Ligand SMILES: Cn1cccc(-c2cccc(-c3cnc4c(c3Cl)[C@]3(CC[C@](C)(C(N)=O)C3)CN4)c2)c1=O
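We begin with a single chain expressed as structure tokens, specifically the form deposited without this ligand.
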């Protein structure tokens, strides 16, 4: 059961604050008193929430601390509401846009926590598919949670199809259809993405961010494409430089797994705990 309920989510939750496809709200459970996040997305007449059942089930069956918890979905008056774990500090992107770059320690802790999440997903034959700062959520306890990509991706595609930015599948051969579902994704792509995310946390944007997307696609698919590096060498330890080097391995056959990466000096070092992020949150609040 994906538990998509046909009732008003306001039956169970009090909306409290718009956090800012659709809208995100901080809300409180009427019975438990739990804070939750409620993501609302408008539905059009040609929409069908039942097509989201697969991605929803993928998220629902996750049982790990580092994956954002799923509490259920609600369909009501052509709005779809997805109820998930509340992470009061927002995404790391939300945070660094005000605090500035993270320390090496803070990044190291974040990477360890993401890797625990990733090792879990990959053990369940799942792939995150979109590791980046905007998808790493932080709660007020300084704990780190991976946000879901799968549901949002399908909603995004439907919008793009509606506006004819991308094609519809009716004329597509099955090989083409398959790729349009599969994508380029293999589990090890998450490792590369984490590597890019570490740079992003260190530098406030991924490599080539100021370059046109189609141009970057052309560049990154060249043979002899040079994997990105941290810009300021002296600022970062040899271990951090090495973490970047190994996660950003071009050949997926040679790119290390999540569990292998949990063995790396950078994320296995003692001292890494949530207090490092509690520091970041204080800086967020009080500068």
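Residue numbers count along the first chain shown, from 1.
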property: Residue 21 preceded by how many uncoordinated deposited residues after residue 20; result: 1 to 3
property: 220 to 228 versus 256 to 264 - greater average Cα B-factor per the deposited record; result: 220 to 228
property: Between 46 to 54 and 234 to 242 (mean CA B-factor, as deposited), the higher; result: 46 to 54
property: Most elevated Cα B-factor in the entry, residues 92, 199, 163, 144; result: 163
property: Residue 12, C-alpha B-factor rank within chain (lowest, middle or highest third); result: middle
property: Chain-relative CA temperature factor third for residue 76; result: middle
property: For residue 183, the third of its chain into which the C-alpha B factor falls; result: highest
property: Residue 281 - Cα temperature factor, lowest/middle/highest third of chain; result: middle
property: Chain third (lowest, middle, highest) by recorded CA B-factor, residue given as residue 122; result: middle
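FYI, the form deposited with this ligand bound isn't displayed, but the following is about it.
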| query | finding |
| --- | --- |
| In the bound PDB entry, residue 88 touching this ligand (heavy atom, 4.5 Å) | yes |
| Contact of residue 68 with this ligand in the bound PDB entry (heavy atom, 4.5 Å) | yes |
| Close approach of residue 263 to this ligand in the bound PDB entry, 4.5 Å, heavy atom | no |
| Touches this ligand in the bound PDB entry: residue 137 (any heavy atom, 4.5 Å) | yes |
| Option touching this ligand, based on a heavy atom within 4.5 Å in the bound PDB entry, out of 119, 84, 80, 202 | 84 |
| Segment assignment from 223 to 231, 31 to 39, 251 to 259, 237 to 245: heavy atom within 4.5 Å of this ligand in the bound PDB entry | 31 to 39 |
